[PDB]
Amino acid sequence: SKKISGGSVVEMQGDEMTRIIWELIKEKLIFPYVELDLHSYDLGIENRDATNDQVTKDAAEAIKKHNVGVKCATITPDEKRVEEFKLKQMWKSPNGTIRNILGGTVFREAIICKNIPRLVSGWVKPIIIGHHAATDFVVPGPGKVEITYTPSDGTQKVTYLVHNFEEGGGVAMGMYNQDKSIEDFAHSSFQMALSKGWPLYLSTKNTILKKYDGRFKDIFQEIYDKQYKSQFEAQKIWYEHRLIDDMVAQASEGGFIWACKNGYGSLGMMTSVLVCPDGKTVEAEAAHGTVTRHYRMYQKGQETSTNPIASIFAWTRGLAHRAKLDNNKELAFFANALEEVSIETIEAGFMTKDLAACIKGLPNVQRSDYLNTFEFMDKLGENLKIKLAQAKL
Amino acid sequence: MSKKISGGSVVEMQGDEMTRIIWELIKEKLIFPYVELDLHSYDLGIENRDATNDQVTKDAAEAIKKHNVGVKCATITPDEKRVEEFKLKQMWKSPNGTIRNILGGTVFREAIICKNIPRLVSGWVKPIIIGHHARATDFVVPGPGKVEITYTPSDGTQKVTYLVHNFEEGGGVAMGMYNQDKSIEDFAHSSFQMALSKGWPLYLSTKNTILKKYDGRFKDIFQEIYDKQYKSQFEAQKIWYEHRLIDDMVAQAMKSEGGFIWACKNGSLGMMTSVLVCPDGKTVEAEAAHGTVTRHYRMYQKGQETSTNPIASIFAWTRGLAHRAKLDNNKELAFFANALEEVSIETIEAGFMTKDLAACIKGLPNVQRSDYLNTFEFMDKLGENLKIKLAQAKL
Ligand SMILES: NC(=O)c1ccc[n+]([C@@H]2O[C@H](COP(=O)([O-])OP(=O)(O)OC[C@H]3O[C@@H](n4cnc5c(N)ncnc54)[C@H](OP(=O)(O)O)[C@@H]3O)[C@@H](O)[C@H]2O)c1
Ligand SMILES: NC(=O)c1ccc[n+]([C@@H]2O[C@H](COP(=O)([O-])OP(=O)(O)OC[C@H]3O[C@@H](n4cnc5c(N)ncnc54)[C@H](OP(=O)(O)O)[C@@H]3O)[C@@H](O)[C@H]2O)c1
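So the protein sequences, as listed, match chains A and B.
Take the first sequence: its letters are residues 2 to 134, 141 to 258, 261 to 271, 284 to 414, numbered as in the authors' numbering.
Take the second sequence: its letters are residues 1 to 134, 140 to 271, 286 to 414, numbered as in the authors' numbering.
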């Protein structure tokens with residue numbers, strides 16, 4: 002009939018190559034089909050200076066309110082960026098300023114095409130990975152190193168001893184994890200499982216670290232039965248605590266949520294999702310990058326071929342979450358459909374240099390093998406058009 | 001030839017299940033017909049290990065420690081499943097570890113690369129040698150408090166505290182972990198010794214940016230050892246050592262042909292070699308990277324055909340013998356060691372291979388019987404091709 006009513010959504014504008022494909026994804030993949038009621042924020046490096054990172058904070062508050070946000074890729078400043086752009090301060094990361102105000106866990110997932118040679122040729126259903134995510144010093148010249156814990160209620164303090172250096176020279180460490188951060192890593196990663204209809208795996212190392220790692224399985228399992236237990240059976244699922252060496256072993262044709270604590286998977290097909298505990302709130306970024314090299318030669322008369330999929334899926338993840346949240350079937354379907362066409366366009370034999378580069382090595386690639394950033398973008402639209410007409414009648 | 005070659009004091013350790021069989025086959029067909037040895041063989045098979053009460057395991061370590069060379073077969077590592085299976089009276093520790101425990105040193109893995117076998121990068125022509133550097142005090146934070154590490158040199162000229170963190174919501178866990186300077190210097194040597202033993206360049210990857218003080222010590226000490234001694238031998242042998250960051254090390258490897266030692270701070288399995296290089300640079304324990312290959316052994320017991328790649332096992336020998344010959348300046352053995360390695364690859368590049376290697380070239384569903392040789396066939400091929408090479412070698 003006409004454009005689908007999506008709802009409240011937080012967009013974030015990036016910078017460099019990715020911004021170009023971002024403001025290209027919109028016009029002919031999203032915008033012609035979905036009426037978005039959107040709060041966009043410009044995280045373009047330049048804009049981030051004007052507002053003095055304030056605009057970043059705001060987008061973070063934005064998400065926390067409306068529960069759903071996408072994000073383009075954004076420069077994180079180091080020494081060059083200050084000289085190149087002339088920044089006024091060593092601006093922090095756009096992520097983090099977000100992360101440290103939202104919590105939850107990052108979930109990285111590769112996008113699998115039958116055309117693409119993967120590590121362990123047989124991984125059909127992809128694997129979702131959620132890495133949990141430091142006070143070191145030198146100990147020059149022999150002494151005694153001891154970690155101490157002194158409780159709040161003024162009861163007996165507890166000294167420990169992390170080896171004393173009898174004969175000199177060393178280096179020492181101290182790290183930790185608060186209970187509540189273990190609780191957030193649990194739900195996020197319990198919630199996630201139901202949200203894919205896939206089984207969960209916490210892989211630890213409690214045999215060695217008895218009281219550190221032990222505690223993760225001592226906070227996971229318990230929160231697995233108190234709630235979320237029946238739900239897995241209600242979805243034909245299970246959660247096992249595995250063990251690092253057995254998980255790097257049994258992984261299988263794939264299709265699970267690997268929740269581990271402690284060059285592979287190609288680049289332009291690595292989507293990320295930040296899942297907040299509540300289950301309600303979610304953020305989606307293709308966590309791959311601004312792709313500066315490509316932009317460098319885009320700003321020149323030269324032509325580029327750049328893989329848009331990751332960012333395309335960043336949208337379809339976030340939108341799928343609105344529909345899930347709001348019970349918006351019409352939207353939900355379209356999200357799935359966008360994803361479907363993306364993969365299918367690839368599997369049909371139309372792609373960019375980097376995906377062709379996986380087939381036939383870099384030296385063997387020729388021009389007749391891939392479409393460029395622009396001509397890949399049309400092909401997606403054309404086929405999306407096609408796909409959409411088909412589902413109507 | 002004429003007669004065998006005298007190789008001398010070597011220490012042999014035997015394993016379990018499928019390896020053991022091919023391990024014997026190796027000896028029968030490839031080493032013994034050609035080489036005489038003062039063998040200090042210890043039988044580390046699960047049954048025997050239980051019979052001895054794992055004394056035989058510690059007995060091997062000390063022998064390696066004395067005789068410098070040790071070629072180890074695989075071996076079962078006990079868990080509840082095995083404990084029931086063999087009716088073990090205890091769940092003994094992994095031999096490999098116990099061996100490592102008494103010896104120290106640094107393990108280096110190598111994938112044996114041949115021209116008709118696919119790689120991660122089609123660029124890699126020469127092998128890449130990766131060496132892994134390998140308790141902490143860990144405890145639970147009862148409730149809200151302030152955990153903090155604190156150091157005191159034992160000559161009261163400082164007391165330095167840091168915050169790991171103060172818990173205000175409370176609960177949680179915490180742990181501190183030292184690293185002895187000694188362990189770093191050892192790591193250095195071994196992975197400088199090995200850089201010359203194979204005559205390639207050395208790269209140490211780290212995460213300096215994040216742990217400026219921790220990783221920072223790994224960079225500095227490698228440098229001191231590289232210069233207080235090792236720099237000379239390096240430059241002489243037209244090679245270099247050069248620290249790198251982990252980020253731009255991964256990509257730098259893709260754009261290469263391999264052929265370097267990569268020190269690291271944290286293809287088929289049947290092509291994976293593992294060598295434990297001690298800091299003294301005299302002791303070495305070779306072994307395959309895989310296990311006892313239980314699934315293959317199970318079929319062998321039911322009368323089915325197996326197709327098990329021995330290469331990894333074969334290379335433990337050749338590697339070990341190469342080391343013994345290097346220590347003893349035995350040019351005859353030194354040559355023989357390269358020959359068996361020379362034959363092994365040459366045989367595979369000639370289209371004769373096990374089922375695993377076929378799978379690499381074609382893919383599981385697309386492999387037929389006519390494409391590969393079984394365990395016992397592949398062995399013959401090698402022995403026949405081996406005897407061949409050795410005849411034309413006499414010239
Ligand atoms: N905010 C974020 O989510 C995020 C994430 C990562 C990096 N960054 C920022 O990126 C800036 C510097 O870029 P970088 O050096 O890290 O490069 P990058 O964007 O991480 O990409 C590095 C290489 O990955 C390949 N690649 C990535 N995406 C691709 C795609 N869609 N299509 C084709 N190839 C793709 C390209 O390799 P080829 O050279 O072979 O073409 C590119 O040169 C830094 O300021 C960093 O902070 C931001
Ligand atoms: N001492 C050691 O160095 C060591 C190391 C690791 C494991 N182990 C012992 O191994 C026992 C269990 O075996 P596992 O499950 O670990 O099997 P494994 O020997 O580690 O190998 C697992 C699978 O890899 C393939 N494979 C391994 N080596 C091969 C070769 N040489 N040629 C062709 N294919 C090969 C086979 O897969 P396909 O069946 O699909 O062909 C095999 O089933 C454990 O009890 C463990 O203690 C010992």
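Each residue gets a CB set at the ideal place from its N, CA and C atoms; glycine is no exception.
Query raised in the report: Closest Cβ-Cβ distance between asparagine 184 of chain A and chain B: below 7 Å?
Result: Cβ-Cβ to chain B under 7 Å: yes for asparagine 184 of chain A.
Requested in this report: Reducing DSSP to helix, strand and coil, say where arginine 119 of chain B ends up.
Outcome: Coil.
Requested in this report: State yes or no: is the C-beta of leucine 340 of chain B nearer than 6 Å to some heavy atom of ligand 2?
Outcome: False, no ligand heavy atom lies under 6 Å from that Cβ.
Requested in this report: Please go through the same chain and pick out, in chain order, the residues whose beta-carbon is closer than 7 Å to the beta-carbon of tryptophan 245 of chain B, but skip the five residues on each side of it.
Outcome: Cβ within range, chain order: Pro206, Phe239.
Report task. Can you give me the Cβ contacts of residue 278 of chain A inside the same chain, cut-off strictly under 8 Å, excluding the 5 residues immediately before and after it? Result -> What the structure lacks is residue 278 of chain A: chain A is numbered 271, then 284, with the residues between left out.
Query raised in the report: Since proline 127 of chain B and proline 149 of chain A are thought to touch, with beta carbons under 8 Å apart, how far apart are those beta carbons, to the nearest angstrom?
Result: The C-beta separation of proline 127 of chain B from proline 149 of chain A comes to about 41 Å, leaving the pair out of contact by the 8 Å criterion.
Query raised in the report: Is the shortest distance between the beta-carbon of residue 139 of chain A and the beta-carbons of chain B less than 7 Å?
Result: For residue 139 of chain A, no position is available: the coordinates of chain A end at 134 and pick up again at 141.
Query raised in the report: To which residues of the same chain is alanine 305 of chain B closer than 6 Å at the C-beta, ignoring the five residues directly before and after it?
Result: Excluding sequence neighbours, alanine 305 of chain B sits near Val71, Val294, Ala335, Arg338, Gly339.
Query raised in the report: At least one CB of chain B closer than 7 Å to the CB of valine 107 of chain A: is that the case?
Result: By the rule that beta-carbons nearer than 7 Å mark a contact, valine 107 of chain A does not touch chain B.
Query raised in the report: With burial defined as no fewer than 16 other Cβ atoms inside 10 Å of the residue's Cβ, what is the status of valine 255 of chain A: buried or exposed?
Result: Of the other Cβ atoms in all chains shown, fewer than 16 fall within 10 Å of the Cβ of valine 255 of chain A; this residue is therefore exposed.
Query raised in the report: Helix, strand or coil: how does DSSP classify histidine 342 of chain B here?
Result: In the structure shown, the three-state DSSP call for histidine 342 of chain B is helix.
Query raised in the report: What beta strand (DSSP E) runs, 3 residues minimum, are completely inside the region 331 to 396 of chain B?
Result: Fully enclosed beta strand (DSSP E) runs of 3 or longer: not present.
Query raised in the report: Would the beta-carbon of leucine 25 of chain B be found less than 6 Å away from any heavy atom of ligand 4?
Result: Only ligand 1 and ligand 2 can be found as ligands here, which leaves ligand 4 out of the picture.
Report task. Kindly list, in the order they appear in chain B, the residues whose Cβ is closer than 8 Å to that of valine 169 of chain A. Result -> What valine 169 of chain A touches in chain B: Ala141, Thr142, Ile154, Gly181, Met182, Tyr183.
Query raised in the report: Should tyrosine 285 of chain A go down as buried or exposed, given a rule of 16 or more other Cβ atoms within 10 Å for buried?
Result: Counting every other CB atom within 10 Å of its CB across the protein chains shown gives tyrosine 285 of chain A a total below 16, marking it as exposed.
Query raised in the report: Of the residues that make up the region 207 to 225 of chain B, which ones have a beta carbon closer than 9 Å to any beta carbon in chain A?
Result: So the list reads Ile215, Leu216, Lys217, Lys218, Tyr219, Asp220, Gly221, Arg222, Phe223, given in the order they occur along the chain.
Report task. Tell me whether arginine 109 of chain A counts as near ligand 1, meaning its Cβ is closer than 6 Å to at least one heavy atom of that ligand. Result -> It does not: the Cβ of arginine 109 of chain A is nowhere closer than 6 Å to a heavy atom of ligand 1.
Requested in this report: Give a single yes or no on whether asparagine 116 of chain B has its beta carbon closer than 6 Å to a heavy atom of ligand 2.
Outcome: Within 6 Å of the C-beta of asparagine 116 of chain B there is not a single heavy atom belonging to ligand 2.
Query - Expected contact under 8 Å - CB spacing of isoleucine 333 of chain A and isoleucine 26 of chain A to nearest Å - result: Yes, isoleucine 333 of chain A and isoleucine 26 of chain A are in contact; Cβ-Cβ is about 6 Å, under 8 Å.
Report task. Inspect the CB distances between the region 349 to 356 of chain B and the region 93 to 110 of chain B and report whether three or more fall short of 8 Å. Result -> Contact between the region 349 to 356 of chain B and the region 93 to 110 of chain B is absent, because fewer than three Cβ pairs lie under 8 Å.
Query raised in the report: chain A beta carbons: is any one of them nearer than 7 Å to that of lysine 374 of chain B?
Result: Chain A has no Cβ within less than 7 Å of the Cβ of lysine 374 of chain B.
Query raised in the report: Would you call the region 225 to 232 of chain A and the region 187 to 202 of chain A in contact, with 3 or more CB pairs under 8 Å?
Result: Result yes; three or more Cβ-Cβ pairs closer than 8 Å.
Query raised in the report: Quick one, are the C-beta atoms of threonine 292 of chain B and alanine 331 of chain B less than 7 Å apart?
Result: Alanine 331 of chain B is positioned such that its CB atom lies closer than 7 Å to that of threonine 292 of chain B.
Requested in this report: Could you tell me whether any non-hydrogen atom of ligand 2 is closer than 6 Å to the CB of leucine 401 of chain B?
Outcome: No, since every heavy atom of ligand 2 falls outside the 6 Å radius drawn around the Cβ of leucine 401 of chain B.
Requested in this report: State the Cα-Cα distance for the pair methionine 13 of chain B and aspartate 43 of chain B, rounded to the nearest angstrom.
Outcome: One C-alpha to the other measures close to 6 Å.
Query raised in the report: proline 95 of chain B CB to nearest chain A CB: under 7 Å?
Result: It does not; no Cβ of chain A falls within 7 Å.
Query - Of the residues B:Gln320, B:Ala377, B:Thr75, B:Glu190, the one placed nearest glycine 104 of chain B, counting alpha carbons only - result: When only C-alpha atoms are compared, the closest one is B:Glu190.
Requested in this report: At 8 Å on the CB atoms, spell out the chain A contacts of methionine 259 of chain B, in chain order.
Outcome: Identification of chain A residues near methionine 259 of chain B by a Cβ-Cβ cut-off of 8 Å yields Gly284, ordered along the chain.
Requested in this report: Excluding the 5 residues preceding and the 5 following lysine 400 of chain A in the sequence, name in chain order all residues of the same chain whose CB lies nearer than 7 Å to its CB.
Outcome: Here the set comprises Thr366, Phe371, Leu392.
**Report entry** As assigned by DSSP and simplified to three states, the class of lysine 233 of chain B
**Finding:** Judged by DSSP in its simplified three-state form, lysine 233 of chain B adopts helix.
Query raised in the report: Quick one, are the C-beta atoms of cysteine 114 of chain B and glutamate 262 of chain B less than 7 Å apart?
Result: Remark: C-beta atoms of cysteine 114 of chain B and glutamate 262 of chain B do not approach each other more closely than 7 Å.
Requested in this report: Report yes or no: is there a C-beta of chain B within less than 7 Å of the C-beta of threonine 77 of chain A?
Outcome: Taking CB atoms only, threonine 77 of chain A has no neighbour in chain B less than 7 Å away.
Requested in this report: Say yes only if the C-beta of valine 125 of chain A is nearer than 6 Å to one or more non-hydrogen atoms of ligand 1, and no if none qualify.
Outcome: Taking the Cβ of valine 125 of chain A as the reference point, every heavy atom of ligand 1 lies at 6 Å or farther away.
Query raised in the report: Taking 6 Å as the cut-off, is the CB of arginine 249 of chain A close to at least one heavy atom of ligand 1?
Result: For ligand 1, not one heavy atom lies less than 6 Å from the Cβ of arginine 249 of chain A.
Query raised in the report: Would you say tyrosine 156 of chain B and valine 169 of chain B are within 7 Å of each other, going by their C-beta atoms?
Result: Using a Cβ distance threshold of 7 Å, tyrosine 156 of chain B and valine 169 of chain B do not count as a contacting pair.
Report task. Check distances from the C-beta atoms of the region 299 to 313 of chain A to those of chain B and list, in chain order, the residues that come in under 8 Å. Result -> Listed by position along the chain: nothing, the set is empty.
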